[PDB]
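Below: the structure, in structure tokens.
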Amino acid sequence: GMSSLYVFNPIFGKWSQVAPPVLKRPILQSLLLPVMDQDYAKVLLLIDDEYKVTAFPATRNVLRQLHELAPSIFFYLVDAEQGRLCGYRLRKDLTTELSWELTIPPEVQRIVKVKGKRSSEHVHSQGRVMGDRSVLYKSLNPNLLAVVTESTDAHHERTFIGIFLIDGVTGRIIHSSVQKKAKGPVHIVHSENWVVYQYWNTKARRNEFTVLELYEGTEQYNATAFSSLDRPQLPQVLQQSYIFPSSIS
Amino acid sequence: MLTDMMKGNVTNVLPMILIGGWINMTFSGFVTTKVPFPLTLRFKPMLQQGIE
Amino acid sequence: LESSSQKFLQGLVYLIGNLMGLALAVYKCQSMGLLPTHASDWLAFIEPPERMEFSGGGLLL
Amino acid sequence: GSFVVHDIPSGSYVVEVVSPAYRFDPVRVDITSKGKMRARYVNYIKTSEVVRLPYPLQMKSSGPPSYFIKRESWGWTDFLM
Amino acid sequence: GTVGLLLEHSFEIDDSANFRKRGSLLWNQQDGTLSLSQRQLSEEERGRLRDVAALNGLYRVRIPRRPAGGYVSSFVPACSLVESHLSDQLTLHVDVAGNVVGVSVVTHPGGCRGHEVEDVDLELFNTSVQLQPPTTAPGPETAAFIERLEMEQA
Ligand SMILES: *[C@@H]1O[C@H](CO)[C@@H](O[C@@H]2O[C@H](CO)[C@@H](O)[C@H](O)[C@H]2NC(C)=O)[C@H](O)[C@H]1NC(C)=O
Ligand SMILES: *[C@@H]1O[C@H](CO)[C@@H](O)[C@H](O)[C@H]1NC(C)=O
């Protein structure tokens, strides 16, 4: 359970002389904060087993910056064994608190994928032209998980695959779709707005796709900025299931 | 005389349009320059011919 | 057409005729849509919103 | 050139001879618990259909696939219209 | 038939967890309806919420996982709770097997615009309670495609 950090020059491959900290406690999750140190090293945060947070390089400037920006940092830990999701805040004094918590019962559903959208992507067109000389706004939530769980019932006729669009900050489940009579393995891609998860259909014995597109109203709610705490309008979901005539890897 | 005058009148614009068509075929698929003012979206099909 | 002072008024009539064409131009716009009046033509002007709440993590390590 | 696959339980399975040199058409095979088993053409749409194909799968190839796309190479006759 | 679920709230100056009983949820599994029976806020709770609102704190809700086997919880900006005239909606998400999955609380309208709120406003719990069962996703449409292609062929 003990985790270690190895710092190296990615060009030459040699370990950097900066001794990485010794992660004494087992860790659960890690974050690559976009904040950078003076030497343009992106701050990295680790959450240990005692739910404490260890920064790196964790200098005074780094400590100050992330202590001053603490309440805007949220972790989410997905315990697949218990079917639990937890979301923790970041206190000023480098401590975490139980912000939100959900439990998907492992007795009927086991979490199999927690695919979130890539952090290093951009969206060019915030909205899309719907014709009519009108625009339909995409539901660009940057803190949107796409937790996909399988049915613990392995029967070919009663199996199902659930997909929950749980938020990453407030813990709100935007969508809780459950496709019946389907079985894994499921290969899901999460992008700017849409998600696409391939699966097996036991009833008809055929690999099937299912594209979920998230759209807002004809007019954007909060423009200037997006906050997961300021989205009282549940985004509309567009779904479509396609047939894939082959397997997938 | 009518054919000659019609051809002379035609040769003032038609060569230009034919050169434009030939260029469009020859240089299809590029992005040459960015116009420094925000043109309307409705002008897209003709400004960006050959771009997907 | 400046035979008398009415030319000035005549000029206005000429302008009115031009105005008529301008009116048709508006109709032409309504018939072509080649005018940046709708929100769609403003789509390219929308900068992406900044993220306000940061959330990371995932499956238990 | 023949092939044999062992350890197959009852059900429906799509058999495909994967080969980068020459493609092969997939064929569905329905084997029952009792032992009788049959072959047919796969169809993910309207799966209820049956187009029988002999069981000793004679999956003759259809030549090398077409991974590549030829150059356009438009001529002046294309420029004409 | 009907199951009662506890529902606690918490809001403090230090934004810690001090969940206290607020309302009972009567989830009738047969007809799939949920009804809450909460007590109105008191002066100290209103006062406590005022400093929490003043300090831009959070308002956290918590219910037991089962009708003490666990809890599912969420939070909402209490200042956004108070700037919305205590108008919010809590959605109860369950699974296909009829097990509690999560609780989501959101105000109406969301966010904040610095609107000062008097105490008298906070003597009512404008709370819209909904239950969200997992929505079955639609499968691929084949009948339309086969019939349409049949018409095309003929
Ligand atoms: C609780 O507050 C919400 C938000 O103010 C109320 O919802 C409004 O209802 C009116 C009609 O009564 C609509 O015109 C508004 O658009 C609604 N606002 C929304 C949805 O944000 C709601 O009626 C209040 N009461 C209850 C019991 O839910
Ligand atoms: C978005 O919400 C904030 C409050 O969270 C508000 O101040 C702002 O005016 C809203 N709209 C935009 C476009 O930022």
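Chains as they are written, first to last, in the entry's author numbering: chain 1, 597 to 845; chain 3, 106 to 157; chain 4, 123 to 183; chain 7, 82 to 162; chain 10, 50 to 116, 124 to 210. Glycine is no exception: its CB is placed at the ideal position from the N, C-alpha and C atoms.
For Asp-644 (chain 1), the uninterrupted beta strand (DSSP E) segment begins and ends at 638-644. Taking the Cα positions, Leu-144 (chain 3) is about 13 Å away from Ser-162 (chain 4).
Near chain 1, meaning a CB-to-CB distance below 7 Å, the residues of the region 126-160 of chain 10 are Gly-126, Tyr-127, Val-128, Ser-129, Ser-130, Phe-131, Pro-133, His-149, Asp-151, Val-152, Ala-153, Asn-155, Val-157, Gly-158 and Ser-160.
Judged by their CB atoms, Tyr-811 (chain 1) and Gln-836 (chain 1) are not nearer to each other than the 7 Å cut-off.
Against chain 7, a Cβ distance below 9 Å from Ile-112 (chain 10) picks out nothing, because the smallest value is about 44 Å. Burial of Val-150 (chain 10) is indicated by the presence of at least 16 other C-beta atoms within 10 angstroms of its C-beta. Under the Cβ distance rule, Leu-156 (chain 4) counts among the residues neighbouring chain 3, one pair being separated by less than 7 Å.
Annotation for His-164 (chain 10): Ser-140, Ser-143, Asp-144 and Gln-145 place their beta carbon closer than 7 Å to its own, counting only its chain and skipping 5 residues before and after. Counting other Cβ atoms within 10 Å of its Cβ, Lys-688 (chain 1) stays below 16 and is therefore classed as exposed.
Judged by their CB atoms, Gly-72 (chain 10) and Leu-54 (chain 10) are not nearer to each other than the 7 Å cut-off. Shortest gap from the CB of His-164 (chain 10) to any heavy atom of ligand 1: under 6 Å.
For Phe-68 (chain 10), same chain residues with a beta-carbon under 6 Å away, outside a window of 5 residues either side, are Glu-57, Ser-59 and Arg-111 in chain order. For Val-785 (chain 1), the nearest beta carbon of chain 10 is not closer than 7 Å to its own beta carbon. CA-CA distance, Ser-184 (chain 10) to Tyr-108 (chain 10), rounds to 16 Å. Shown here for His-87 (chain 7): not one same chain residue has a beta carbon closer than 8 Å to its own, the five before and five after excluded.
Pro-170 (chain 4) is the residue among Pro-170 (chain 4), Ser-127 (chain 4), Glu-124 (chain 4) and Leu-123 (chain 4) whose C-alpha sits nearest the C-alpha of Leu-736 (chain 1). Using a cutoff of 6 Å, the CB of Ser-184 (chain 10) counts as near ligand 1, since one of the ligand's heavy atoms is closer than that. Between the region 140-147 of chain 7 and the region 96-107 of chain 7 there are three or more C-beta pairs closer than 8 Å, enough to call the two in contact.
Around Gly-195 (chain 10), the beta-carbon contacts reaching into chain 1 at under 9 Å are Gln-775, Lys-776, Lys-777, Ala-778, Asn-797, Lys-799, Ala-800, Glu-804, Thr-806 and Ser-837.
Contact of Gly-723 (chain 1) with chain 4 is assigned, a C-beta pair being separated by under 7 Å.
By the rule that beta-carbons nearer than 7 Å mark a contact, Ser-126 (chain 4) does not touch chain 1. Under the 7 Å criterion on CB atoms, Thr-191 (chain 10) is classed as non-interfacial with respect to chain 7.
Rounded to whole angstroms, the gap between the alpha carbons of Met-130 (chain 3) and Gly-727 (chain 1) is 29 Å.
Residues of the region 149-177 of chain 4 whose Cβ lies closer than 9 Å to any Cβ of chain 1, in chain order: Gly-155, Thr-159, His-160, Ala-161, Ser-162, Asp-163, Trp-164, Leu-165, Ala-166, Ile-168, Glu-169, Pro-170, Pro-171, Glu-172, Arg-173, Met-174, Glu-175, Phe-176 and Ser-177. Judged by DSSP secondary structure, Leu-741 (chain 1) falls outside any alpha helix (DSSP H); it is assigned neither H nor E. Residue-level contact check: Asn-739 (chain 1) touches chain 4, since one or more beta carbons of chain 4 fall below 7 Å from its beta carbon. Listed by position along chain 7, the residues whose Cβ is nearer than 7 Å to that of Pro-841 (chain 1) are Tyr-125. Residues of the region 142-154 of chain 3 that bring their beta carbon within less than 8 Å of a beta carbon in chain 4 comprise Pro-143, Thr-145, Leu-146, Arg-147 and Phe-148, in sequence order. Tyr-122 (chain 7) is bridged by DSSP to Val-108 (chain 7). Taking each of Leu-681 (chain 1), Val-614 (chain 1), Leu-619 (chain 1) and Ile-643 (chain 1) in turn and checking the Cα distance to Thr-655 (chain 1), the smallest one comes out for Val-614 (chain 1).
Residue side-chain check: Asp-144 (chain 10) keeps its Cβ at 6 Å or more from all non-hydrogen atoms of ligand 2.
Pairing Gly-155 (chain 4) with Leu-141 (chain 4), the inter-Cα distance amounts to about 20 Å. If you check the CB distance, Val-710 (chain 1) and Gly-723 (chain 1) do not come in under 7 Å.
By the rule that beta-carbons nearer than 7 Å mark a contact, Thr-128 (chain 7) touches chain 1.
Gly-167 (chain 10) has its Cβ nearer than 6 Å to a heavy atom of ligand 2. Ranked by Cα distance from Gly-813 (chain 1), the first of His-663 (chain 1), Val-782 (chain 1), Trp-796 (chain 1) and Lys-734 (chain 1) is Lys-734 (chain 1).
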